[PDB]
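What follows is a set of notes on a single structure, which appears directly below.
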Amino acid sequence: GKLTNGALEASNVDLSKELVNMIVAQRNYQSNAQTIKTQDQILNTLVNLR
Amino acid sequence: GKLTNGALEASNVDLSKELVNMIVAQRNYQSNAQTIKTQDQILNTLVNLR
Amino acid sequence: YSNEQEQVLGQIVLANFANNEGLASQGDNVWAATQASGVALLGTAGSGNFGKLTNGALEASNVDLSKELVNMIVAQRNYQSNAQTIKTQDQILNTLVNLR
Amino acid sequence: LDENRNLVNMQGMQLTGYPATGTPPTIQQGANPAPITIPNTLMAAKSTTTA
Amino acid sequence: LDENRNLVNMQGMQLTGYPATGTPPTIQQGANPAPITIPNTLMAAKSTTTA
Amino acid sequence: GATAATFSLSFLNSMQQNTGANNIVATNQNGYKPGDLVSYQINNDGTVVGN
Amino acid sequence: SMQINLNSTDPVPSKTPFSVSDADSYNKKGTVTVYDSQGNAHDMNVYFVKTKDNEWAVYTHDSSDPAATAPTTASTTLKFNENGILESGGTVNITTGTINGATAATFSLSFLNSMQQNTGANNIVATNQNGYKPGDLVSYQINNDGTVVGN
Amino acid sequence: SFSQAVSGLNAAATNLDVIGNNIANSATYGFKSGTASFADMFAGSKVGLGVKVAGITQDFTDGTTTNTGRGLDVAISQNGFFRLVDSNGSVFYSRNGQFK
Amino acid sequence: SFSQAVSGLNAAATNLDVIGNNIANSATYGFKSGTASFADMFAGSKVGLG
Amino acid sequence: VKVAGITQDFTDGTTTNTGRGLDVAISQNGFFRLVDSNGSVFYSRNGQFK
């Protein structure tokens with residue numbers, strides 16, 4: 353099609369959904385961190401089993 | 353029908369209801385922001401649960 | 303009509319049910335009835351249970367702001383009470399582990 | 101008013117109601133609820149009978 | 101108000117109470133407690149007796 | 252094709268003004284026509300009142 | 152079953168004789184959609200003409216079958232008392248038509264508890280038939296009684 | 001929960017973008033109003049999860065017309081649209097009548 | 001004990017989801033209010049659990 | 051005391067509006083029919099296809 357004569361196209365970046373993903377993946381990372389914390393406490397008790 | 357001979361039709365933009373929607377959707381956005389703030393504080397306590 | 307004529311092209315019907323709460327959402331504001339909803343109480347506007355509608359006007363939400371935020375605060379505090387309760391429970395079970 | 105002569109919403113669902121039949125058509129009370137149409141068809145060329 | 105003409109809760113239990121009988125019906129003090137109904141039935145076509 | 256109905260008619264407490272104008276105070280009859288359930292309310296006594 | 156509330160203050164229809172296309176020849180027209188063994192939806196136009204006080208000639212017309220002529224005979228005649236209580240003329244067996252090689256189905260039709268309003272407007276209260284068409288298992292639920300209920 | 005939150009957030013953001021674009025073409029010639037619609041979501045069992053946008057809803061009410069100096073700028077008063085053609089012969093429409 | 005805890009926790013979470021969905025369709029056209037109800041549990045001997 | 055096995059649950063989930071039109075999730079009961087290089091039939095509710 354006909355282009356943008358004398359005009360330049362910037363990014364297609366939206367702000368809101370990016371920060372939403374930044375919050376949600378952070379909380380998923382926190383879930384992973386607490387999960388591995390519980391795993392390491394379980395293995396600590398497995399050490400404390402002996 | 354008979355058109356506007358030698359006359360050009362501008363926008364049908366009203367001012368008052370546009371600014372009303374600008375206020376109301378802003379306040380709805382503030383409600384969403386405080387809602388997600390409370391959500392993130394809840395998930396902060398869920399992190400602080402462990 | 304162009305020849306100074308007026309002919310009715312139809313008339314929209316209306317209905318009520320035995321239970322308004324017995325509806326079922328079908329995506330948007332679209333309601334499929336249930337067995338607990340009631341049979342189609344048919345009729346026309348302005349007669350009996352039906353009244354004159356809003357000609358050229360659209361009804362928005364019935365949302366109040368204050369009581370919604372009040373419930374948002376109160377259920378959050380109840381959630382905090384549940385969280386501290388389960389915190390005390392887990393500390394009790396931690397001591398039960400530390401019992402041995 | 102859609103291309104299929106009916107008043108449809110953004111979801112395309114046609115609103116129903118009482119139809120009118122006859123010449124001239126009037127809303128009858130004992131009909132099935134029908135999707136209300138706005139036809140652009142030509143009117144009935146009726147001659148003078150009672151004046 | 102459910103389909104069985106009674107004021108029922110979310111559990112469907114009907115609330116009971118004193119019924120009214122007669123024409124015109126009044127609440128009597130010596131009845132069994134009855135589930136209170138809101139009937140959509142037609143009223144009694146009463147002619148003029150005392151004016 | 253109705254029936255010729257005979258009713259009792261009382262002019263109780265109809266007073267004679269010493270001066271003034273002949274004026275009907277009030278009229279009342281116990282005869283009416285149905286009449287159907289439109290809505291319903293309950294007062295502060297637990298009585299379900301039909302409208 | 153067809154229950155209908157009818158105004159008593161209505162006059163006799165002056166348009167003579169009766170025609171199915173003459174709305175002024177009657178006062179009220181009903182319509183009930185029934186189904187046969189071939190499952191065709193026969194829509195009975197039920198016309199009611201006030202002959203005199205409390206007496207109404209009730210005509211049935213299978214409008215879904217175009218080969219049926221204009222009914223000039225009475226299917227029944229609803230006759231009532233002074234108070235407007237349902238007295239007589241409220242039950243008739245009506246034979247339907249044949250659509251696409253179906254069978255003409257005869258059904259019992261009751262006008263039970265059809266009341267006569269002292270004043271108002273002629274209004275059908277309710278219609279009901281035990282005839283339907285399948286119909287298949289969409290879903291299933293169980294209430295608080297252990298009964299598996301089919302949807 | 002967070003799905004309804006991001007749904008309402010993006011709906012409010014997109015509606016405000018629609019409103020700001022309607023403000024951006026204030027007092028331009030040949031403009032018809034356009035707004036946004038709303039949508040909801042289907043019930044899971046009987047719950048309902050999400051509130052969405054049904055799409056852009058253009059409105060075609062009559063606007064304001066100014067007398068101009070030329071005679072070759074003719075707006076359309078009633079229902080009607082000017083037929084335009086591109087270099088590739090495709091048919092388009094515009095109520096704007098400014099042509100030289 | 002923990003049954004009542006998870007019952008109250010999921011009830012508070014589901015009620016807050018109901019409230020947030022009611023906020024999500026603020027100012028939409030054709031909206032009627034919807035809330036959540038509560039329930040309790042039958043007594044074991046005379047206790048009540050949940 | 052043992053394990054009877056894996057119990058999959060098929061309740062309705064959360065759906066997000068996406069930018070493309072070629073990513074169509076399945077709302078009601080239904081499954082997309084896929085095929086491998088060996089012609090075997092598989093199923094997936096995911097509708098992201100290019």
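Residue numbers (the authors' numbering), protein chains in the order written: chain A, 353 to 402; chain B, 353 to 402; chain C, 303 to 402; chain D, 101 to 151; chain E, 101 to 151; chain F, 252 to 302; chain G, 152 to 302; chain H, 1 to 100; chain I, 1 to 50; chain J, 51 to 100.
Each residue gets a CB set at the ideal place from its N, CA and C atoms; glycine is no exception.
May I ask you to list the residues that DSSP assigns as paired with residue i?
i: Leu360 (chain B); result: H:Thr66
i: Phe82 (chain J); result: J:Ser94
i: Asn106 (chain D); result: D:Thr137
i: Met153 (chain G); result: G:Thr278
i: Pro125 (chain D); result: D:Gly122
i: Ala36 (chain H); result: H:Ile56
i: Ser259 (chain F); result: E:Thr150
i: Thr184 (chain G); result: G:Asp194
Between which residues of its own chain and residue i is the CB-CB distance below 7 Å, once the five residues before and five after are set aside?
i: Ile275 (chain F); result: none
i: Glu238 (chain G); result: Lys230, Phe231 and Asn232
i: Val74 (chain J); result: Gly97
i: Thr35 (chain I); result: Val18
i: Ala225 (chain G); result: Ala208, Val209 and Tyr210
i: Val53 (chain J); result: none
i: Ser7 (chain I); result: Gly50
Are the C-beta of residue i and some C-beta of chain F separated by less than 7 Å?
i: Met143 (chain E); result: yes
i: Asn106 (chain E); result: no
i: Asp204 (chain G); result: yes
i: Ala131 (chain E); result: no
i: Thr148 (chain E); result: yes
i: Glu233 (chain G); result: yes
Report yes or no: is there a C-beta of chain B within less than 7 Å of the C-beta of residue i?
i: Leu49 (chain H); result: no
i: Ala377 (chain C); result: no
i: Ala5 (chain H); result: yes
Would you say residue i lies against chain H (beta-carbon separation less than 7 Å)?
i: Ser327 (chain C); result: yes
i: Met110 (chain D); result: yes
i: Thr64 (chain J); result: yes
Suppose the cutoff is 6 Å on Cβ atoms and the five residues either side in sequence are ignored; what does the same chain contact list for residue i look like?
i: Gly271 (chain G); result: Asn158
i: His193 (chain G); result: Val185, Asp213, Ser215 and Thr247
i: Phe92 (chain J); result: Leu84
i: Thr202 (chain G); result: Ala208
i: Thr160 (chain G); result: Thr270
i: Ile76 (chain H); result: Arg95
i: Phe99 (chain H); result: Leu72
Could you confirm whether any beta carbon from chain A is found closer than 7 Å to the beta carbon of residue i?
i: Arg402 (chain B); result: yes
Using a Cβ-Cβ cutoff of less than 8 Å, which residues in the same chain neighbour residue i once the five nearest sequence positions on both sides are dropped?
i: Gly48 (chain I); result: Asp40, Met41 and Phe42
i: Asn321 (chain C); result: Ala338, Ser339 and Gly340
i: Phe81 (chain H); result: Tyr93, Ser94 and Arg95
i: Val289 (chain G); result: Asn302
Does residue i get closer than 7 Å to chain C when you measure Cβ to Cβ?
i: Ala120 (chain D); result: yes
i: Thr356 (chain B); result: no
i: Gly8 (chain I); result: yes
Got a sec: is the Cβ-Cβ distance from residue i to anything in chain D below 7 Å?
i: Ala54 (chain H); result: yes
i: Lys230 (chain G); result: no
i: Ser77 (chain H); result: no
i: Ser37 (chain H); result: yes
When the cut-off is 7 Å and only beta carbons count, does residue i lie next to chain G?
i: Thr254 (chain F); result: yes
Using a Cβ-Cβ cut-off of 7 Å, state whether residue i counts as contacting chain I.
i: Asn396 (chain B); result: no
i: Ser339 (chain C); result: no
i: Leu343 (chain C); result: no
i: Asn351 (chain C); result: no
State yes or no: is the beta carbon of residue i nearer than 7 Å to at least one beta carbon in chain E?
i: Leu288 (chain F); result: yes
- Message: Which complete beta strand (DSSP E) runs does the stretch 315–395 of chain C hold, if anything under 3 residues is left out?
- Response: You should have 316–318, 326–328, 330–334 and 343–345.
Inset, instruction - Note down, in chain order, all residues in the stretch 14–30 of chain I with a beta-carbon under 9 Å from any beta-carbon belonging to chain C. - result: Cβ contacts with chain C: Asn15, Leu16, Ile19, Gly20, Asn22, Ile23, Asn25, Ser26, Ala27, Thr28, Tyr29 and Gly30.
- Message: What ranges does the alpha helix (DSSP H) occupy inside the stretch 195–240 of chain G, keeping only unbroken runs of at least 4 residues that lie completely in it?
- Response: Segments of the alpha helix (DSSP H) lying fully in the stretch 195–240 of chain G: there are none.
Next item on the list: Output, in sequence order along the chain, the residues in the stretch 365–392 of chain B whose CB is closer than 7 Å to any CB in chain I.
Entry: Result list: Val376, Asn380, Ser383 and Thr387.
Quiz prompt | Chain-ordered residues of the stretch 304–324 of chain C with a beta carbon less than 7 Å from chain E | solution = Listed by position along the chain: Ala320 and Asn321.
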